[PDB]
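Below you'll find the structure, written out as structure tokens, and then a few comments.
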Amino acid sequence: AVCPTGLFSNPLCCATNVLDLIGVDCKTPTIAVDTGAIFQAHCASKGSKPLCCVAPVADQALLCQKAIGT
Ligand SMILES: [Mn+2]
């Protein structure tokens with residue numbers, strides 16, 4: 001799993017990480033993401049940051065944490 005269990009369990013690709021706490025303009029990955037490296041590269045291909053967020057759907061703004069090692 002590319003995100004931790006619990007609250008911040010959903011991988012999204014978000015345009016901006018605000019305050020290391022919020023994802024803005026969050027897109028669902030268009031592929032299965034198997035590893036941190038794939039998650040990072042996939043979100044970068046969409047001009048976005050790999051974040052682990054409180055909900056799994058596309059959204060304007062969500063509480064998120066950065067993917068580990070980023
Ligand atoms: Mn927006």
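So you can find residues: chains in the structure tokens are A, B, ... in the order shown, residues in each start at 1, and ligands are numbered from 1 in order.
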
What are the nearest atom pairs, with distances in Å to one decimal, for all residues of chain A that come at most 8 Å from ligand 1, using only C-alpha atoms and all ligand atoms, set out by chain and rising residue number as a tab-separated table?
residue	atom	partner	partner_atom_place_in_ligand_line	distance
A:24	CA	ligand 1	1 (Mn)	6.3
A:25	CA	ligand 1	1 (Mn)	4.8
A:60	CA	ligand 1	1 (Mn)	4.9
A:61	CA	ligand 1	1 (Mn)	7.4

DSSP on the backbone: which residues in chain A end up as alpha helix (DSSP H)? Give the answer as a ChimeraX atom specification. /A:36-45

Would you mind exporting C-alpha atoms of the selected residues as a PDB file, in the first residue's frame?
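Dumped everything to result.pdb:
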ATOM      1  CA  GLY A  36       5.958   4.720  -3.953  1.00  0.00           C
ATOM      2  CA  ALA A  37       8.065   5.182  -7.082  1.00  0.00           C
ATOM      3  CA  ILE A  38       5.086   4.531  -9.375  1.00  0.00           C
ATOM      4  CA  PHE A  39       2.841   6.806  -7.276  1.00  0.00           C
ATOM      5  CA  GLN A  40       5.404   9.630  -7.442  1.00  0.00           C
ATOM      6  CA  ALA A  41       6.026   9.274 -11.185  1.00  0.00           C
ATOM      7  CA  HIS A  42       2.333   8.991 -11.988  1.00  0.00           C
ATOM      8  CA  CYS A  43       1.359  12.131 -10.102  1.00  0.00           C
ATOM      9  CA  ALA A  44       4.345  14.005 -11.584  1.00  0.00           C
ATOM     10  CA  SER A  45       3.121  13.059 -15.082  1.00  0.00           C
TER      11      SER A  45
END

Could you tell me how far atom CA of residue 30 of chain A sits from atom CA of residue 67 of chain A, in Å to one decimal place? 17.0 Å

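The residue that comes closest to residue 64 of chain A, out of A:35, A:52, A:3, A:14 and on the basis of only C-alpha atoms, is A:52.
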
Quick one: of A:1, A:47, A:13, A:8, who's nearest to residue 26 of chain A, counting only C-alpha atoms? A:13

How would you write, as a PyMOL selection string, the set of residues in chain A that DSSP gives as strand (DSSP E)? chain A and resi 10-18+22-27+49-53+59-66

Would you output that residue set with C-alpha atoms, as a PDB file, in the first residue's frame?
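Now in selection_26.pdb:
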ATOM      1  CA  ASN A  10      -6.310   7.123  -0.060  1.00  0.00           C
ATOM      2  CA  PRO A  11      -3.773   7.946  -2.802  1.00  0.00           C
ATOM      3  CA  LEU A  12      -4.562  11.063  -4.845  1.00  0.00           C
ATOM      4  CA  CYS A  13      -2.606  13.327  -7.198  1.00  0.00           C
ATOM      5  CA  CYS A  14      -3.112  16.918  -6.064  1.00  0.00           C
ATOM      6  CA  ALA A  15      -1.912  20.110  -7.750  1.00  0.00           C
ATOM      7  CA  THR A  16      -0.844  21.789  -4.405  1.00  0.00           C
ATOM      8  CA  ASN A  17       0.182  20.585  -0.901  1.00  0.00           C
ATOM      9  CA  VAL A  18      -0.785  23.487   1.360  1.00  0.00           C
ATOM     10  CA  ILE A  22      -4.181  19.983   2.567  1.00  0.00           C
ATOM     11  CA  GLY A  23      -4.326  18.724  -1.001  1.00  0.00           C
ATOM     12  CA  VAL A  24      -5.868  21.106  -3.552  1.00  0.00           C
ATOM     13  CA  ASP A  25      -7.173  20.034  -6.989  1.00  0.00           C
ATOM     14  CA  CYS A  26      -6.972  16.320  -6.308  1.00  0.00           C
ATOM     15  CA  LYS A  27      -7.278  13.733  -9.064  1.00  0.00           C
ATOM     16  CA  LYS A  49       1.978  15.737  -5.989  1.00  0.00           C
ATOM     17  CA  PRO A  50       1.362  12.259  -4.536  1.00  0.00           C
ATOM     18  CA  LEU A  51      -0.696  12.742  -1.372  1.00  0.00           C
ATOM     19  CA  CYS A  52      -2.476  10.347   0.979  1.00  0.00           C
ATOM     20  CA  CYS A  53      -5.879  11.807   1.768  1.00  0.00           C
ATOM     21  CA  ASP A  59     -12.110  16.837  -4.980  1.00  0.00           C
ATOM     22  CA  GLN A  60     -11.330  20.531  -4.696  1.00  0.00           C
ATOM     23  CA  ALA A  61      -9.594  20.349  -1.294  1.00  0.00           C
ATOM     24  CA  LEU A  62      -8.961  17.514   1.187  1.00  0.00           C
ATOM     25  CA  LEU A  63      -7.022  16.865   4.347  1.00  0.00           C
ATOM     26  CA  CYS A  64      -3.891  14.972   3.212  1.00  0.00           C
ATOM     27  CA  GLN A  65      -0.353  13.924   4.114  1.00  0.00           C
ATOM     28  CA  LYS A  66       2.540  13.713   1.673  1.00  0.00           C
TER      29      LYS A  66
END
